[PDB]
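Residue numbers (this note's numbering), protein chains in the order written: chain A, 2 to 728; chain B, 1022 to 1415; chain C, 104 to 498. The structure appears below as structure tokens.
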Amino acid sequence: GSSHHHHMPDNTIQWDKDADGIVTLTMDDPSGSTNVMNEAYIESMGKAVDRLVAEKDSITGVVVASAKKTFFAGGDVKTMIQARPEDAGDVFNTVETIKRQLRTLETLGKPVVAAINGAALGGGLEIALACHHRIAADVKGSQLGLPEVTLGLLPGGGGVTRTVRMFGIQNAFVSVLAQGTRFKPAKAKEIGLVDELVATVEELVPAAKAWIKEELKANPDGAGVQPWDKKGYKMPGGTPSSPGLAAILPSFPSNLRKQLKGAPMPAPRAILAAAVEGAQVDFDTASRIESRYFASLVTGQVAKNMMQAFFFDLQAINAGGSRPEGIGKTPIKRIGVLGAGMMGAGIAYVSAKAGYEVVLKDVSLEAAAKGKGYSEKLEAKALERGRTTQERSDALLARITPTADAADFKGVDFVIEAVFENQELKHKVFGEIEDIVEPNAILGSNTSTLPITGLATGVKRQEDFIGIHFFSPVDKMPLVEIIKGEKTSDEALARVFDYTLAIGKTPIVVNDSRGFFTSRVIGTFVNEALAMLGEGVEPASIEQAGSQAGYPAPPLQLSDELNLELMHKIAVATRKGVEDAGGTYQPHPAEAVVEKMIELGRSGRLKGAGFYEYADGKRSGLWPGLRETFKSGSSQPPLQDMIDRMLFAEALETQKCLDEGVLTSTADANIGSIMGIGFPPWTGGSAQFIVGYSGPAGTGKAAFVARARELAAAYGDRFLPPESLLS
Amino acid sequence: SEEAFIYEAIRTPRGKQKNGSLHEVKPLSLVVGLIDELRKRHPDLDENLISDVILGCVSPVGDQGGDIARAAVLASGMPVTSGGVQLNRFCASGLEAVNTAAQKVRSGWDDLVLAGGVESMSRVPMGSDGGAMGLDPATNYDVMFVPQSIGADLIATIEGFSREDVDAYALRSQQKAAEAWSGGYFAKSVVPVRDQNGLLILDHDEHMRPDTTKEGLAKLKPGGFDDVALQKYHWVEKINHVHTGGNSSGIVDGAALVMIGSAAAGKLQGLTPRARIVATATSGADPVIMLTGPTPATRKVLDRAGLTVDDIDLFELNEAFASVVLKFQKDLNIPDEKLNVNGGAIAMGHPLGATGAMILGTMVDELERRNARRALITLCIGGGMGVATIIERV
Amino acid sequence: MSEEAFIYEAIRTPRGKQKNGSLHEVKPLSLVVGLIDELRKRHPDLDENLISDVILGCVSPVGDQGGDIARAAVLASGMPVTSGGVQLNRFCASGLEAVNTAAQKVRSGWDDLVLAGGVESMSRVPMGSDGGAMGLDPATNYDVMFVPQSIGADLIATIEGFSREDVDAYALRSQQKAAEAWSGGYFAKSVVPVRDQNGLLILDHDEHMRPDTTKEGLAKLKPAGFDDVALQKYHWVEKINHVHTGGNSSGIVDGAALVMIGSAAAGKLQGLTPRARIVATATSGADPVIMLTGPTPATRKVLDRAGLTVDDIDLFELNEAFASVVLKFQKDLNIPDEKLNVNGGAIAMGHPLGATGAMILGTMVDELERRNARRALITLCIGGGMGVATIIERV
Ligand SMILES: Cn1c(=O)c2c(ncn2C)n(C)c1=O
């Protein structure tokens, strides 16, 4: 009935009542390294809460502690990703039972303190929010937040309801819920998520029991009573019926639709709905509304896409899914970057930011110095916004050593070349340092299109030659595409793999092939837009299709940052890659658009003119002569056709890479597409998009093939699905 | 079956928003004052034959809540059998009340009906009633809620209406409204508001700035609502914001009443019909642009009455925004000398719930003053709706 | 007056109670959109473009019910944007007034197919949340002699001589007939259960009913400046006998109802079968201090307007706002006790203000078909001294 149990599992909570009647509930799931809101937890907390009510006469307070390195993190993702639409009634009852436990604990008539020893994320923070006082240990690696929205979910264990009761609708949504922001213990105390801090975890339980002793003495009537359960309660910022809040409340959905740019991510929409609708009723009714919106997301497809990508796929990557087995660790003592352009300067910064000593070489000391200036300008912004100290900023920049002499590469055991995209140039640049660096030094190249095997011949130690592909701006792009040439050893792979994690980025391992995976797939994205421009579609509709598809940057704007030179060279280079095999390279329609833009002198932001206009280096609207050039407006396809043309182009090209053996896992394909080239997070990756496609044709791989064949009939046979996607 | 006739059509002057004369006047008092004026016009009228009182009101809260139509029936001492119902179809509530009154008379189950509307925007600002399309995030996120001023600027952007073009219409509205007052056009229909002592409170339309110049209109200044609109209208790169407080409808207080009944009902009470309700129509359009409802509703009311644009002597479209009227004029090719001939809401104000009945009675007077035959009255609406009505002089 | 108006569909939601009600978490807009989607389920091939208007009655159009909730229902449910949507408020008969206005619109010929009904979530928007031109204006309130409906009902029972046992006897009878109708499956197809965004059940029955009501239980209930003000007008009355409690008065509930009305040609084109025909409608009134004797002249007016007498009506449905108002209406017109509110009323199932009129209208359409009877008369007293009545004939 109205129970604390859901309906064998292991017990996860240890019970301890002291002589003062303070019961210490220590969470310690023996089936894993972290306390997780799984079926074993629900049953254990069900027993514990039952016992707190049974022994209410001999209990004066409750402390919630943990025996793990973290406090409590996350729920049962393995179960929520399997929840079909018919299972909605079960997902509802699960979070309803979870919150019925926390509500009983919250209304126990006695103070309940949370002893946060480490990370309290998602459901972990939700348990803490049910307590009346929160004490956190100010240790390294500790984070607090409600990151459910990042997995396509929402805080359905009371996170939405309580943060709104604690902070009001506007503050709780923007600061906590909408983006799942993570806070360090100091920041968490600052905004109100934590009540006080301690220096070490050992002080937690003693300080918690001390706060109970003082609360019972100083506040006897308000002990164990939340602010929203005290009468006369006024919600911060007001209720939706308050005139001050009702004046700005209609602008919250439109602001959210501007931030999302029309992308079909339903999780933030549901969080705002549950937040506002919950503030209109009592606490218990607000929590049940939160349960219904939660079950709506879990049984939906986007949540399954984002759970698959940002939980299962990402963990498999971080767990060395693509790292060769058996290979051990190898230290990195001196990183030598060749080239001080925007790429090398970003590589030098993220390496020095990770603590590495960097030797930044160029062809002139003037040039290498301007590269370090990129790190100085970034540190100035970080000092201005108060995100780093003056001491660490000095230590970071002190690790970068600009130079123009190849002799300064002595002691380098990790070379990262980022010079101009040309084979014989890279051969020359590597030849004059390969004998100066250490004999086991990794020889990495940041090429975007040239095959790694062809570059590897320029060195004698071809076994240590490997592609290390970054993305601009390097200081913010989170992926490193690791390309494996035919001569590249598995040790070099693992060493670059470990380096990628060391500098705080995510790796994927790609076999050597022209265009690799990121450059090849993002080419199809741009080529679809340029085709639509030549076909006569309005440039504004093209950019809107890109932003509303979920991309971080519209296609034409991206086409000016990549510059049509690097774009046109792929056309002639990919042509000859299969030209010499009896293969017929069928020219892409977009090639005519690239050349006519170069003919008109508009090649990108680097030139200062492209599809947009750039006034003193700032983009300022689409180039007005664009409509007359390509007769824009003469073709008006459905916006959803433009959106699907770009998504399906990348999704089909990804399937080719998996078929050709360019990629070895769908996890690399999904995370690589998301973190590497900017594939929309709601898709779950350019491979998850196929199995999670949803439209008028239905949902699944079959619906994808149907929609692909539909686009093929209308726009060209390039949208025909591969054999591997069929029955 | 029955034919519906207009016997009386009066209104209060429109008081301005800031330091308005009608700000101290409760909206109920505005309606009761017009009821008392109708009694002065026909003291022998058997009020027992009045079977309903239908008022439009967009913000029926506070001073305008609790079925203000029924309040007017009781406070004015009308018979208790005289009904009283409030309705809200946003900007068309005034004309929807008149249309419903006519339809109730045509059905034969109502004999003599009082219609109109009331809106005291200085006391009950719009939005005071809340609502789902604005205060429920689940449905607000789905209907693409965008304020109407942005839809008007979007219309100007697409149709190529420049800032000078909308300001040119705004100047014309001020001139035509000033000429109408000076010519005595409004002498009989605008009933001055007085207090409980007979002292005058207001006798003219305060929002009018008859000394407007094109140079003064140019000195005026025009949430992610802009990005929300362009998400649907994706082929538009940027919205040219041309509408200011000088080329948009004024926020005012006012009320209006219209007496409607069958030919038998008027003859029994010694009334003389002034115009006949020929046809009514309702149509809609895109709610994100929120101002394209008039065109399909005017076309529908023309086809329903077997008439064309050439058969209509006067066109009266509410001046919510200058681009809306220019768009309407461009689509139907309305002659310039037939459109809002006595000025509109840009000059005189737009008291939401009352406007439809005001501009309706304005055409009843101008058809008689010009000795013309037909007039077509239409209003754009929030949410993408639209109402239209054709009257014929008798 | 040419076109005949026909009822094609008439459904409603279950009525959720006021305290700890199942419908308290449901937004008033959702109750209407749920009924719109049920109509779509029953007629998937209907060209929704032929729906020219959506007319909803609502007495407290504020907050969740402000901003023309009928238009919100059109946009939220994805109906054609040309389907309009207007809110009206004539106090208790707003739901029947919306139906009548929808009917008269079809009769004028300038409308083809209209959605009528009402919505009221009294657990989220309590009665009076809209303020009121009479309440916030002491100069008007002092002159119009305002008095709540509860005192008017007690004043009716005082004059007519209805004892505390008399009004409680009707209340017991309402609970009985409402329980018999639910048990007999009368409401099986017209009460559309409310579900959430996941399809989970929220409410499927009129949860305000107390079917085990006893005569002794009603006798233990307690009765609910205004007393003196009323006697200042009815000066020949010395003492008002307060006999109305929460067991013999209408229940505060959440609910909504939809009725589809259209011409014969409209239903023929969309493949709909007319269930009943609107014979006549009427609006009258009575004293605005007794505030509850309004439906007596409105019923005589609609009978005379239709050319019928009391004997021609098979079923009488009067809203059970207060027990004395029904007993007075029955005493005045000599209504057979076996024809009055045959399936219970608002005392048992609730009075969701602006939706009640359309609810008790659709109740009579179902009972006329269930009994194979011919004519039903539906009427509701109104605050301010008003009354609305309607005669329907089964087709
Ligand atoms: C340029 N353009 C238009 O002008 C347009 C349109 N849809 C309607 N209109 C008017 N679309 C899709 C469009 O691209």
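By construction, the Cβ of each residue, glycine as well, lies at the ideal position given by its N, Cα and C atoms.
- Query: Which ranges does the alpha helix (DSSP H) cover as unbroken runs of at least 4 residues, wholly within the stretch 310-385 of chain A, from first to last along the chain?
  - Reply: 315-319, 343-354 and 366-385
- Message: I'd like to confirm something about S548(A): is its beta-carbon nearer than 7 angstroms to some heavy atom of ligand 1, or not?
- Response: The residue you call residue 548(A) lines up with position 547 of the first sequence. No - ligand 1 has no heavy atom lying nearer than 7 angstroms to the Cβ of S548(A).
- Message: Could you check whether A1300(B) and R1325(B) sit closer than 8 angstroms to each other, using their CB atoms as the reference points?
- Response: Taking the first residue of the second sequence as 1, we reach residue 1325(B) at position 304. Taking the first residue of the second sequence as 1, we reach residue 1300(B) at position 279. In this structure, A1300(B) lies closer than 8 angstroms to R1325(B) by Cβ.
- For the stretch 249-281 of chain C, which residues have a beta carbon sitting closer than 7 angstroms to at least one beta carbon of chain A? Cβ contacts with chain A: none found.
- Query: By DSSP, does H134(A) sit in helix, in strand, or in coil?
  - Reply: In the first sequence, the residue the question calls residue 134(A) occupies position 133. It is a strand residue.
- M598(A) burial status per 10 Å Cβ neighbour count (16 or more: buried): Taking the first sequence and counting its residues from 1, the one referred to as residue 598(A) is at position 597. That one is buried.
- Query: Hey, is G535(A) close to ligand 1, as in C-beta under 7 angstroms from one of its heavy atoms?
  - Reply: In the first sequence, residue 535(A) corresponds to position 534, counting from 1. False, no ligand heavy atom lies under 7 angstroms from that Cβ.
- Message: Which residues in chain C have a C-beta closer than 7 angstroms to the C-beta of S1128(B)? List them in chain order.
- Response: Indexing the second sequence from 1 puts residue 1128(B) at position 107. Per Cβ cutoff of 7 angstroms: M104, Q207, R210 and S211.
- Task: Return yes when at least one heavy atom of ligand 1 lies under 7 angstroms from the C-beta of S635(A), else no.
- Result: One-based indexing of the first sequence puts residue 635(A) at position 634. Because no heavy atom of ligand 1 lies under 7 angstroms away, the Cβ of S635(A) does not count as near it: no.
- Consider the Cβ of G673(A): report whether some Cβ of chain B lies at a distance smaller than 8 angstroms. The residue you call residue 673(A) lines up with position 672 of the first sequence. No, its Cβ sits nowhere closer than 8 angstroms to a Cβ of chain B.
- Counting along the chain, where does the alpha helix (DSSP H) carrying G1374(B) start and finish? Here residue 1374(B) refers to the residue found at position 353 of the second sequence. Note, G1374(B): alpha helix (DSSP H), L1373 to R1391.
- Item | Exposure label - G255(C); buried when at least 16 CB within 10 Å | Counting from one through the third sequence, the residue named residue 255(C) turns up at place 152. It counts as buried.
- Message: With H, G and I counted as helix, E and B as strand and the rest as coil, what does DSSP make of residue 91(C)?
- Response: Absent from the structure is residue 91(C), since the part of chain C shown begins at 104 and ends at 498.
- Task: Below 8 angstroms on the Cβ atoms is my guess for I1367(B) versus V1330(B); work out the distance and round it to an integer in Å.
- Result: The residue labelled residue 1367(B) in the question sits at position 346 within the second sequence. The residue labelled residue 1330(B) in the question sits at position 309 within the second sequence. Wrong, their Cβ atoms sit about 23 angstroms apart, outside the cutoff.
- Message: Quick check on DSSP: helix, strand or coil for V1346(B)?
- Response: Walking along the second sequence from the start, residue 1346(B) turns up at place 325. It is helical.
- Item | Paired residues, beta bridge with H470(A) - DSSP | Taking the first residue of the first sequence as position 1, residue 470(A) is located at position 469. Per DSSP, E482(A).
- From the beta carbon of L250(A), is the nearest beta carbon of chain B less than 8 angstroms away? Here residue 250(A) refers to the residue found at position 249 of the first sequence. Taking Cβ atoms only, chain B reaches closer than 8 angstroms to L250(A), which makes this a yes.
- Task: Quick one: using the 10 Å Cβ neighbour count with 16 as the cut-off for buried, is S1128(B) buried or exposed?
- Result: Reading the second sequence from its first residue, position 107 is the one you call residue 1128(B). Answer is buried; the Cβ neighbour count reaches 16.
- Return yes when at least one heavy atom of ligand 1 lies under 7 angstroms from the C-beta of residue 1417(B), else no. As shown, chain B starts at 1022 and ends at 1415. That puts residue 1417(B) outside it, with no answer to give.
- Message: Counting beta carbon pairs with one atom in the stretch 562-574 of chain A and one in the stretch 583-599 of chain A, are three or more of them shorter than 8 angstroms?
- Response: Flag = yes, the stretch 583-599 of chain A and the stretch 562-574 of chain A touch.
- Message: Let me make sure I understand the geometry here. Which of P1034(B), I1075(B), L1055(B) and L1156(B) has the alpha-carbon closest to that of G245(A)?
- Response: As a working mapping, residue 245(A) is identified with position 244 in the first sequence. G245(A) has its Cα closest to that of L1156(B), out of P1034(B), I1075(B), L1055(B) and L1156(B).
- Query: Can you find at least 3 beta carbon pairs, one from the stretch 1110-1124 of chain B and one from the stretch 1180-1191 of chain B, that sit closer than 8 angstroms?
  - Reply: With the cut-off at 8 angstroms, the stretch 1110-1124 of chain B and the stretch 1180-1191 of chain B do not touch.
- Task: Tell whether a beta-carbon distance below 8 angstroms holds between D77(A) and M28(A).
- Result: Residue numbering aside, residue 77(A) sits at position 76 when the first sequence is read from its first letter. Residue numbering aside, residue 28(A) sits at position 27 when the first sequence is read from its first letter. Cβ distance not < 8 angstroms, so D77(A) and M28(A) don't count as in contact.
- Query: How would you label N1268(B), buried or exposed, when you count the other beta carbons within 10 angstroms and need 16 or more for buried?
  - Reply: For this step, residue 1268(B) is matched to residue 247 along the second sequence. Its Cβ being crowded by 16 or more others within 10 Å, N1268(B) is buried.
- Query: Taking contact to mean at least 3 C-beta pairs separated by less than 8 angstroms, is the stretch 261-278 of chain A in contact with the stretch 681-700 of chain A?
  - Reply: yes
- Hey, would you say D1084(B) sits closer than 8 angstroms to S1170(B), going by beta carbons? Residue numbering aside, residue 1084(B) sits at position 63 when the second sequence is read from its first letter. Residue numbering aside, residue 1170(B) sits at position 149 when the second sequence is read from its first letter. No.
- On the premise that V1145(B) lies in contact with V1082(B), defined as a C-beta separation below 8 angstroms, what is that separation, rounded to the nearest angstrom? Taking the first residue of the second sequence as 1, we reach residue 1082(B) at position 61. Taking the first residue of the second sequence as 1, we reach residue 1145(B) at position 124. Correct: roughly 6 angstroms between the Cβ atoms.
- Query: Applying the criterion that 16 or more other CB atoms from any shown protein chain within 10 Å of the CB defines a buried residue, is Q463(A) buried or exposed?
  - Reply: Taking the first residue of the first sequence as 1, we reach residue 463(A) at position 462. The residue is buried, with at least 16 neighbouring Cβ atoms inside 10 Å.
- Spell out whether any CB of chain A is found under 8 angstroms from the CB atom of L1156(B). Taking the second sequence and counting its residues from 1, one reaches residue 1156(B) at position 135. Yes, contact with chain A.
- Query: Residues bridged to residue 964(B) by DSSP?
  - Reply: Residue 964(B) cannot be examined here, being either before or after the span of chain B that is shown, 1022 to 1415.
- Query: Opposite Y615(A) in the DSSP bridges: which residues?
  - Reply: In the first sequence, the residue the question calls residue 615(A) occupies position 614. Note: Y615(A) sits in a beta bridge opposite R620(A).
- How big is the Cα-Cα spacing for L361(A) and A349(A)? Taking the first sequence and counting its residues from 1, the one referred to as residue 361(A) is at position 360. Taking the first sequence and counting its residues from 1, the one referred to as residue 349(A) is at position 348. Roughly 7 angstroms between the two C-alpha positions.
- Item | Interface residues of the stretch 1092-1113 of chain B facing chain C [CB-CB below 7 angstroms] | Taking 7 angstroms as the cut-off between beta carbons, the residues of the stretch 1092-1113 of chain B near chain C are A1092, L1095, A1096, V1101, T1102, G1104, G1105, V1106, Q1107, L1108, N1109, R1110 and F1111, in sequence order.
- Kindly list the residues whose CB is nearer than 7 angstroms to the CB of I437(A), restricted to its own chain and excluding five residues on each side of it in sequence; keep chain order. Taking the first sequence and counting its residues from 1, one reaches residue 437(A) at position 436. Exclusion of the five residues before and after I437(A) leaves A407, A408, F410 and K411 as the residues of its chain whose Cβ lies within less than 7 angstroms of its Cβ.
- Using a Cβ-Cβ cut-off of 8 angstroms (strictly less than) and excluding sequence neighbours within five positions of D51(A), which residues of its own chain qualify? As a first step, residue 51(A) is located in the first sequence; it is residue number 50 there, counting from the start. Excluding positions up to five away in sequence, the list reads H5.
- Query: Any idea what DSSP makes of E539(A), helix, strand or coil?
  - Reply: Position 538 of the first sequence holds residue 539(A). Reduced to three states, the DSSP call for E539(A) is coil.
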